[PDB]
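Worksheet for the structure shown next.
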Amino acid sequence: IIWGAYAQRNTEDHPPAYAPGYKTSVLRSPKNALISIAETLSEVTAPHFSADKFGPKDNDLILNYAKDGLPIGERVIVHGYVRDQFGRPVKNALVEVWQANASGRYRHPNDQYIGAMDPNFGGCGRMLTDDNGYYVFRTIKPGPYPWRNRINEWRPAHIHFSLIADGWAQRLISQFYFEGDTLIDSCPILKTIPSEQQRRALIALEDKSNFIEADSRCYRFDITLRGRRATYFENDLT
Amino acid sequence: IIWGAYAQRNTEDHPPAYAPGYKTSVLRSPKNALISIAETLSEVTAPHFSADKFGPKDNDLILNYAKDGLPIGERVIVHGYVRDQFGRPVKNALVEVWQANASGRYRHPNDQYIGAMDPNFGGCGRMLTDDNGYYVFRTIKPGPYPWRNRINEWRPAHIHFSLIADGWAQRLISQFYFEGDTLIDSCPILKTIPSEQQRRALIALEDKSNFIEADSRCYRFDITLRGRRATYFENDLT
Amino acid sequence: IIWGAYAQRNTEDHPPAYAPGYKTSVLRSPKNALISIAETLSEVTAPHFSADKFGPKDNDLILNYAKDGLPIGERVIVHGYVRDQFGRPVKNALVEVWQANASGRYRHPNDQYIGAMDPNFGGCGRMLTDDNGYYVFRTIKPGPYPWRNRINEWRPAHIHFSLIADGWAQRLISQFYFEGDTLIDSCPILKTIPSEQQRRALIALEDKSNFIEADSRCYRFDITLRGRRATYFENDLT
Amino acid sequence: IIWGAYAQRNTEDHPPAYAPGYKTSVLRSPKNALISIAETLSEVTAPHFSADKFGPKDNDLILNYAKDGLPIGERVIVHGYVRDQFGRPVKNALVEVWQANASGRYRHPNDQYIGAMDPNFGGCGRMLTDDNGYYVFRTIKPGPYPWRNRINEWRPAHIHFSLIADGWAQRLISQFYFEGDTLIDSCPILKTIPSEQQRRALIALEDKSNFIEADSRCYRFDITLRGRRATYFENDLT
Amino acid sequence: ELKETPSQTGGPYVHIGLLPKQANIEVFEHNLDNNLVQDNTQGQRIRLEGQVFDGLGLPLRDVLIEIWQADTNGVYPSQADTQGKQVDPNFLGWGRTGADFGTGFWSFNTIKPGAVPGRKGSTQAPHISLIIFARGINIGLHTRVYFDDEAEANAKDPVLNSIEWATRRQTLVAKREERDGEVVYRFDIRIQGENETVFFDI
Amino acid sequence: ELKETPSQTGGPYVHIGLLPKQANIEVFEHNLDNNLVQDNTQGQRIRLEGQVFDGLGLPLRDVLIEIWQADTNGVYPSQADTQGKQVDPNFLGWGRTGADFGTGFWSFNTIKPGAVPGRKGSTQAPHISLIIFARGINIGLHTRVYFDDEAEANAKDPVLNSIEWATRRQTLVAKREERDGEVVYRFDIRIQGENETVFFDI
Amino acid sequence: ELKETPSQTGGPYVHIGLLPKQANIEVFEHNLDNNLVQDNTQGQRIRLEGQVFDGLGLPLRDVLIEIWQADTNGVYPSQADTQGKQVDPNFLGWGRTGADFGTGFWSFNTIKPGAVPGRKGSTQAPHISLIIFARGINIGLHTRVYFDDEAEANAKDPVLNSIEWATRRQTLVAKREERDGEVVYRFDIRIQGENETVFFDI
Amino acid sequence: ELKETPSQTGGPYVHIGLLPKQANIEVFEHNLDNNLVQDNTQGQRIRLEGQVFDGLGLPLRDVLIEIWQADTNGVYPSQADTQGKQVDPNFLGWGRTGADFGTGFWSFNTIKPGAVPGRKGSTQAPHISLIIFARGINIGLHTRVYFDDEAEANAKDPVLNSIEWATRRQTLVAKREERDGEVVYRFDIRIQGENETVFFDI
Ligand SMILES: [Fe+3]
Ligand SMILES: [Fe+3]
Ligand SMILES: [Fe+3]
Ligand SMILES: [Fe+3]
């Protein structure tokens, strides 16, 4: 199998750069259209990170920052599969996540919300997908976060995530939400995505059979990255 | 009958100037709104072209550039009527067309697509509508054309056309497509038109009863131009 | 695993022999019903063809007959999977195809249509499916072909194909069409198939994500052959 | 305007030759398919009949055979337009009709039905369409006619008609029925036509506004013949 | 666009309306018939006759036949003829007849037609276009009658050569005979079965 | 479960793709053909030839034929053969040919096959499986060719005996002839009509 | 009532169909071009030239321009002109040109138009109506060119005075120059941005 | 087929998860950072630095930047590199940094990359691929950094030459400086407005 380029990003499946309802985008969006290029080795390659350098609790947000006790909040496991658009598993991709604590408070110098800080919660984790493209992490469900877009704007509970996989063209940062949160329908950030079906692709689903009795709930969330086409005739990449 | 002005162009029936999904429009669209004016003789007049100066093959794209043989591709006849918005025939209007060959290749210095050139095909024609507003030309069905908007953009098969009719205000250039082409639903150029019904007004229809056995297929395509109102009271044009 | 016989051919899923709307069938169809037999080794065996005897361009109809330049017409890739009725892949099956050129003209002594011949196009190819049952070939999209059934009959664009696979009972020759072609609804040959769902099984689908930028479009078309049952009790085949 | 050939007859819009439910067709239908030919002057020409040789009562079946008094039965006028498939009027076409009397009895040597003969009714008429393609005749509404197909078969009330128009290819003989007759749904002759919409094209409609007070009812029935295509490029007819 | 009015059989009493004298009905002063020769008509007078047979080999005694043909110089007496030549002014080119109720024989008195241009500069061999209507026939059946003494012209005829089964071409060739100094061409039509006559979709 | 892809006719140009040399197309270095005998092939060399006729008795000049058969010892050169016996290594067992465009004759050079096991311990008589594709044929027609000099074996063949109309069994028996010391079996196929060849649903 | 056919861009190859000689295509004997002056045309000969710029200040090298104007006496050579005056008989009033592929300069050879009646008894100042088509432009852009030496007439022009932002009126005034005794008016068009040219909905 | 998961902004706290030390969070033993030079890394050491500006000309003090590049010989340390050449074993090729919260300056310590093959036998000029994430940016913005001392190679670069507005190519060229004997390339990014940096859809 000789691989060719990644399939084109479908711009209609993503938010536009200029989205006036999300105010900060007004001055941080290019006026010019993006220039599309044909891919080269630069775009189809990406770094490799070694499993040996990850700590044992890197994917356990409940314990990786606990000092005197456990963090306060809802114990949840999040798991799922990372695949490319043609359904193939994405192996050994680096997945990084970050989030607020149970109060909706971020451990960040620029966050002054009055919701309480939790001395035993950090809010970041990471992991590598396995050979089936599977990932699993455990955390405290984050609380919704008020912010200043319009004065009374509130983000639904959410976890930020980032993927570095096989090709630089697959690089992606997004956020996922939790089934049933009523704030999902009001969020201006989620509303930058033009289509309803794509907005739903960011909602993690309650996975009842995988809850752990007297311990933790569980949410299932799969992620799809761009996929490479195979070449059977001329190989122009090089 | 004393003629007054052409009815106002309905801007909602046309694409807007600024259409971000068609990238080239971003820097070639006015920032200011168009200034509407009341019409004068300048806008209601237009030139007259003489039938005597047209060659016998001007409307026959299959033969007007053939040198050693016939062009390769699908033999099709395209016919229809040009009328104004009030349904009156547009007589002796100049209709000019241009298109790619069967490979989707244009005979133009700036076209480097790899689809093959056809030494016996030119790709341009012209004709005058008759007194019933009827026109007919014959050509080779053009192939779809890849182009750089997003990297993998492909135009559906199409023929470009232009009309110079009775009034300068009726001046119009557009493109028509062929019934059933699956690329019609994906085209960013066709999608600049805001309404579905107007996008359908550019699709030429298969006209089976007018196919010529063992020779050519046939498509029917009618065109509507702006129409003049009649005056029965004050005549302010002059 | 001990294999038994192929499942019975479902005659209602195929055209009947006598189909009056396809005129040539009237004198070339048996008056007697076919005699069904229980299968023997003769019916469950088939020849093996060696990959070593195939040339490098046997599946590339764009280049396998090009002499002075490339053929004129629409560059398309066709790919898909061959499986049996129980969903198992058909490995190393011989797939042969043939078709008209872009003008709807066949390179055959008995074809006198006026659509132009293309000196750089032959119109036949072949290939073996791989272990997953996958096949891929590249060609020029054929133009529709007028023929004499009723005087003004026109075949939709189509590619003829033939399969020799594992069992002689799976032997099959058919034709596939292209999504959206308006002639598909009028064809008397396609109409010999009694059911709408089976007529749709011969339509290759536009596969947009697999188009190759500034080069070729792509169609996806899967083929299903008869499948063998496994035996767990008496083995009567022999 | 240079005329080319008549459009192909659409065989799916007509009954097939072999129609087993109409018993007499079993031995009077060709086993071979019809051979379609490209048209010549022979097929596009037809005779001309002169208006001068028609008598004054040729289109008045109520009076053209009356001797001692008027025929018994329902006084009706039938009128309509004859056009070609492209909607153009058929001028000066010869229209001939024939029918049974009010009892459902034909004045024919081979008719032995017991319904009474009417000494003042003949049952045949003729006329030429005018320049708008209009025809009008007056008659007695025929009664339904029992016949031997299955033993208790009954034809709905009907009038037989024949047209000789501009081209021999337009030659046509058919029958029309009367709106609301319940026998229309049971007739094996009407059922030889495969499609419901074509069966309805033979039903004359009650035309209430054109009834003549204290005198006659009126039915409207239009007829469509094959139409000629116009030629704009090569003229191969000759 | 409109669809053609669908055909229906002429039925067994087709003569009431198309040949009222054969049904014993005198309603019209001028009647249409099977004699295409007027006193001043130009050309060689011939009689065309035969029978029409069903699938059991029996003649149809209720069939109605019409013919359409060109004058002696191959010009049709139709405004649609584009040859630019003058047609014989005393020739309708069309006639209608019915088979005899007892025997099934039908006949026309006409003239032997001249050759007519075919498509693309070709020449058709002399022929008469014929249509058959009857009980049991759902759509009028079209055929052509060529002449056996026009061997050379038939060999080159575009329509005969377009019938790929060569053996069936002979069903369209009438046989010349000479009864009393009258030239007669016998043309039998077999609707179904062995030696079935070729019928065209025109 | 999936339905089989529906069949469609091969059409009149079936040779472009299946016998490009017959259509005058040289695209492949190695071509498939009607010669199943390689220099070291074991067995008795025979020529199988004939014509295919339509319902009018005329030969089909655009038919494509393929055959599939066992080697001289009745073993198929297929991985699906379960006899546990070694097959002749220089035998493909399959070939393809087209009828001559002018005459309609077709032929194969092959070997006379050995007897193959039938179901439930029976023995089939020597036979060649044959399939026919052509314009007008919507699904390839399957038949078998047995040999007239194998009277005893034919009498006991399970498939021939499963045809209940005994008179039709003879349509599957080829006639042995000896042209120049070459052994030829003539097998004519009649698609429709009298003496119509038996076709199987396999 | 019907809706107008919707506009679509002319695309980058608009010259194949509207100026085939610029695309190196010789299909027509008579070609349309940018020279409106015939030998006997009346009036003052002028050259109109300029460039069209995009929002980055770069010239469009694939733009197609057409102009429409009255003769030297302010009469249009159109049947719709209702002035009752005779028009110059050797004047089409229209021309088409394309910008040079390398530089972006475009030009027309024409005549300076006479003043034309405005609505309600007014008088328009001399002007040329111009339309621009190109890749990226979805609907042809309409503008007008007035002349800087017609200060008095411009001051009274109904259309210029209907532009309420007075500063933008100047974008429609071409500058008169005299190159070699030839009178040239320079008119640059800025599609977007600072000093954007006024475009009209007519 | 599946659709790509839609992008969403990284938000203002993107450092909690991608540079926890910048947010004052010590959870990981090994942290990812902006130093791509290991002691044995081959090549010329350079510092790449600059600021990112919004449409008002103000620096973004919450932007996160990553770079991806080849080693000194133009080979990527990726299994997808097909050059068949050995890559520097002590080079990750990637790094991440955040702008300083007070000033907006960002920097990376890396090596100047060697030239990498382009498509169809071409050669790309030395470049670093860069992506920007921040509050207000809905999808990471991709750009490339070329070097002003590689004039010859830049002139021939396929990607730079594919930008049709020549004036915008310069926004992708970093300026070489020499601070203390250290080689520094300054690359400022302007997200919107005048001299807006070119961003690619890759
Ligand atoms: Fe009747
Ligand atoms: Fe075909
Ligand atoms: Fe185009
Ligand atoms: Fe957040």
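Shown for chain C, in order and in Swiss-Prot numbering: 4-241.
So this one's X-ray crystallography, 1.8 Å, going by the header.
The backbone N, Cα and C atoms fix where each Cβ goes, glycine too.
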C:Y109, C:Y137, C:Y222: which one does Swiss-Prot list with C:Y148, C:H161, C:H163 for the Fe cation site?
C:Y109
Which chain-mates of C:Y148 (Fe cation binding site) that are at least 6 residues away have a CB under 8 A from its CB, listed by sequence?
C:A103, C:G107, C:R108, C:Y109, C:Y116, C:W157, C:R158
Name the secondary structure element type, per DSSP in three states, that contains C:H161 (Fe cation binding site).
strand
Taking only same-chain residues 6+ apart in sequence, whose CB is under 8 Å from that of C:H161 (Fe cation binding site), what do you get?
C:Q102, C:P145, C:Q178, C:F179, C:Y180, C:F181
With H, G and I counted as helix, E and B as strand and the rest as coil, say where DSSP puts C:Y109 (Fe cation binding site).
coil
Counting across all protein chains shown, how many other Cβ atoms sit within 10 Å of the Cβ of C:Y109 (Fe cation binding site)?
23
Candidates from C:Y109, C:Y148, C:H163 close to chain F, where binding-site residues are judged by Cβ under 8 Å:
C:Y109, C:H163
What binding-site residues from C:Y109, C:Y148, C:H161, C:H163 have a chain G Cβ less than 8 Å from their own Cβ?
none
Taking the Cβ of C:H163 (Fe cation binding site) as the centre, how many other Cβ atoms fall within a 10 Å radius?
25
